[PDB]
Amino acid sequence: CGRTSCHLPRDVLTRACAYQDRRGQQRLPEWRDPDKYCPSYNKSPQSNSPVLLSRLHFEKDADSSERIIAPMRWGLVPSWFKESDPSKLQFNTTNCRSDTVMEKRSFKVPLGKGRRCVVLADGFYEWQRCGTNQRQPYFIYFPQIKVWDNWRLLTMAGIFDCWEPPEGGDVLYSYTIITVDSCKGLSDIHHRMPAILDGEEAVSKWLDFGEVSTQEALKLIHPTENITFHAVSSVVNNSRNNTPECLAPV
Amino acid sequence: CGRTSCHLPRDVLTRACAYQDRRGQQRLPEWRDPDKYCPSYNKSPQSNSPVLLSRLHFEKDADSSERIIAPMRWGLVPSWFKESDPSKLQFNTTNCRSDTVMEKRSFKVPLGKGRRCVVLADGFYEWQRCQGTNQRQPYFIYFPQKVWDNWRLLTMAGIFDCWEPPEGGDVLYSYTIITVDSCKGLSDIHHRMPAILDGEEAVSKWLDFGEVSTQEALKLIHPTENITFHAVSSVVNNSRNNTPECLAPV
DNA sequence: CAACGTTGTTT
DNA sequence: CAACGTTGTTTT
């Protein structure tokens with residue numbers, strides 16, 4: 001997808017990410033770079049979103065089932081990118097097609113290093129081509145079986161890479177969201193949907209690059225029907241608008 | 001090492017190579033190209049020395065435990081060598097480090113074709129760096145045993161290759177002697193020593209590429225303490241000198 | 001990390 | 001040779 005919501009405050013988001021480690025012990029993920037978390041109802045590519053990844057990416061002797069939550073830049077910048085401005089990337093890595101993921105060098109190399117991450121969101125927006133060229137926006141989320149008390153975060157399959165700015169600076173962590181065919185439920189809205197990891201097991205297996213090979217992890221990548229949506233107002237169309245009105249029903 | 005002695009006449013050398021085949025039957029090895037054996041007390045790289053190798057290198061239906069003795073050129077000339085004069089080779093292949101042998105493509109490829117051979121010598125010379133001068137002291141180094149009646153030949157682990165002169169001629173067979181760390185007994189003389197195969201079992205297993213894989217053969221390659229030496233005169237320093245005086249004690 | 005262009009070794 | 005080290009555009 002091309003737009004998400006991820007508005008919850010840091011403390012609330014962290015509690016909504018409670019998980020069981022490989023011994024069945026309930027835990028919260030540990031933050032890296034929490035100050036780069038910027039809550040918004042209206043996230044575009046080139047902004048930072050919180051993602052889950054295995055602690056083994058940061059500590060050599062770590063339990064790969066332990067989770068880090070870290071803000072990462074949406075728009076995978078390949079490790080080999082030669083220019084000094086990540087936004088000057090000449091091709092689009094907002095998304096990564098599931099069907100070609102192991103063929104494309106921007107995605108296959110980091111995937112092969114185990115750089116699998118789970119992109120968090122309240123949900124994603126998608127636009128239906130209406131006739132006129134005016135498109136209708138939808139907010140799309142897990143069914144929620146106030147509402148933001150115990151909201152179920154959407155967990156999208158991503159790949160990340162690490163890029164050292166040639167002229168010096170912090171290693172950039174950036175991600176792409178894997179896309180698949182839209183399920184029947186969404187097929188009238190759009191032809192594509194994100195690779196959604198539905199439940200603790202799918203999330204754990206996507207993250208655990210120490211225990212779960214690329215072949216096994218890619219079996220988790222497919223359309224899913226376990227999703228709902230409502231139409232929203234035009235307010236979300238302008239990426240500068242960050243209000244509860246962006247995902248409010250009409 | 002960089003210098004050996006191999007001075008015994010062809011008939012005496014062949015009797016000193018008595019071995020048991022795979023049925024326990026005592027045999028002498030069979031010569032190829034005996035006329036290329038030129039006995040000397042003072043052998044340098046690019047000269048020919050007799051080596052043992054499996055008969056299976058020469059006959060498709062042979063008992064791989066049967067041994068050929070054949071003169072080969074010291075200084076492995078890789079099969080890929082493109083120039084017409086083998087002495088133009090820009091790499092020194094007198095020796096092959098045990099620790100990196102599987103990383104070095106000039107040694108790994110022939111090793112993988114089973115081109116393992118046992119380099120024969122009376123013994124080898126090594127030069128000791130004596131602190132406070134650049135004048136080095138030479139030693140003759142041999143198996144523990146005037147004494148040329150029943151002398152025990154030194155049996156060093158070698159790899160060989162086959163090079164066709166591009167402009168035509170006989171296939172060249174050339175060898176490298178594998179090197180390892182010097183044992184404690186020799187550590188004051190030099191930091192390196194040849195890979196010595198101590199006894200009939202080590203020799204048989206190094207030769208038998210039909211029955212003993214690369215992994216198993218490489219377990220035979222290590223420092224050994226079963227070695228003695230004496231200092232010799234400067235006469236051996238000049239590689240043109242071929243006299244009994246080269247390995248005579250002082 | 002599959003494709004591709006280069007190089008090969010020790011004291 | 002063939003094993004090395006080096007290279008590198010993507011989606012709706």
Side-chain angles (χ1 to χ4, degrees), chain A residues 1-3 45 74-81 83 89-115 124-128 159 161 163 174 176-182 189-195 213-214, chain B residues 1-3 44-45 74-81 83 88-107 109-113 124-128 136 159 161-164 166 174-182 189-195:
Chain A
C1 40
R3 205 78 72 79
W74 188 7
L76 190 148
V77 179
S79 69
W80 43 253
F81 187 61
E83 308 314 315
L89 193 60
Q90 291 304 301
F91 52 95
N92 189 11
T93 61
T94 291
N95 295 141
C96 169
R97 286 187 64 87
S98 64
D99 64 346
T100 56
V101 63
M102 280 176 84
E103 285 174 13
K104 299 305 166 173
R105 53 190 87 206
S106 298
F107 303 141
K108 91 187 187 188
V109 177
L111 182 59
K113 292 171 182 175
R115 297 186 171 158
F124 71 98
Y125 304 98
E126 194 43 276
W127 282 262
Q128 182 174 46
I159 297 163
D161 208 0
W163 174 73
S174 51
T176 188
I177 298 171
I178 297 166
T179 53
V180 293
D181 290 0
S182 53
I189 285 162
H190 206 81
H191 62 106
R192 303 297 289 168
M193 72 182 298
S213 70
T214 302
Chain B
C1 39
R3 205 78 70 79
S44 310
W74 190 6
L76 191 149
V77 180
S79 73
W80 49 257
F81 190 62
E83 320 304 323
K88 287 200 221 228
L89 185 62
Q90 293 304 299
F91 307 84
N92 192 7
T93 62
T94 291
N95 294 145
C96 170
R97 287 189 64 88
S98 65
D99 63 343
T100 55
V101 64
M102 292 304 296
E103 285 76 76
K104 301 303 148 164
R105 70 200 88 157
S106 294
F107 301 138
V109 166
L111 181 60
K113 293 165 176 192
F124 71 98
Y125 304 98
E126 195 41 279
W127 282 262
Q128 180 179 45
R136 297 181 307 147
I159 296 164
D161 207 359
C162 305
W163 174 72
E164 313 194 351
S174 50
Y175 70 92
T176 188
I177 299 172
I178 296 169
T179 52
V180 291
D181 281 332
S182 53
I189 287 165
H190 206 81
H191 64 106
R192 305 294 292 166
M193 72 180 302

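Within every chain, numbering begins at 1; the chains are lettered A, B, ... in the order of the sequence lines, protein sequences first and strands thereafter. All values below come from the heavy atoms of this structure, side chains included, with hydrogens, waters and symmetry mates left out.
Of the candidate nucleotides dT10(D), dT11(C), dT12(D), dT12(D) has the atom nearest to the side chain of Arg97(A).
No side-chain donor-acceptor contact under 3.5 Å links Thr94(A) to the backbone of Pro45(A).
The separation between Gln90(B) atom CD and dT9(C) atom P is 14 Å, rounded to whole Å. Distance CZ (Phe107(B)) to P (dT9(C)): 6 Å, rounded to an integer number of Å. Distance, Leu111(A) CG to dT10(D) P: 13 Å, rounded to whole Å. One interatomic measurement links the two molecules: CZ of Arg192(A) to P of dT10(D), which rounds to 15 Å at whole-angstrom precision. When rounded to the nearest whole Å, the span between CG of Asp161(A) and P of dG8(D) equals 15 Å. The nearest whole Å value for the distance from the CD atom in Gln128(B) to the P atom in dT11(C) is 18 Å.
Contact annotation for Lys104(A): backbone-only contact, meaning every heavy-atom pair under 4.0 Å involves sugar-phosphate atoms and none involves a base.
In this view, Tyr125(A) and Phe139(A) satisfy the ring-ring contact (aromatic ring centres under 6.0 Å, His included) rule, not counting sequence neighbours. In terms of the side-chain hydrogen bond (donor to acceptor under 3.5 Å, both in side chains) criterion, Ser98(B) has no residue partners (sequence neighbours excluded). The side chain to side chain contact (heavy atoms under 4.5 Å, CB included) search around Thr179(A) returns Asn95(A), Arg97(A), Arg192(A), not counting sequence neighbours.
Taking 4.0 angstrom as the limit, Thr179(A) places a side-chain polar atom (N or O) nearer than this to OP1 or OP2 of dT12(D). In this structure, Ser106(B) reaches the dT9(C) phosphate: one of its side-chain N or O atoms is under 4.0 Å from OP1 or OP2. For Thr94(B) and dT9(C), the shortest distance from a side-chain N or O to OP1 or OP2 is not below 4.0 Å.
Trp163(A) CH2 to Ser79(A) OG: the interatomic distance, rounded to the nearest 0.5 Å, is 11.0 Å.
A side chain to side chain donor-acceptor pair (under 3.5 Å) check over residues 101-113 of chain A, counting only residues at least two apart or in different chains, returns nothing.
For the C1' atom pair drawn from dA2(C) and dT11(D), the interatomic distance equals 22 Å after rounding to whole Å.
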For nucleotides 2-7 of chain C, read 5' to 3', which letter fits each nucleotide if B means a protein heavy atom sits under 4.0 Å from the base, S means only the sugar-phosphate is that close, and - means neither? S----B

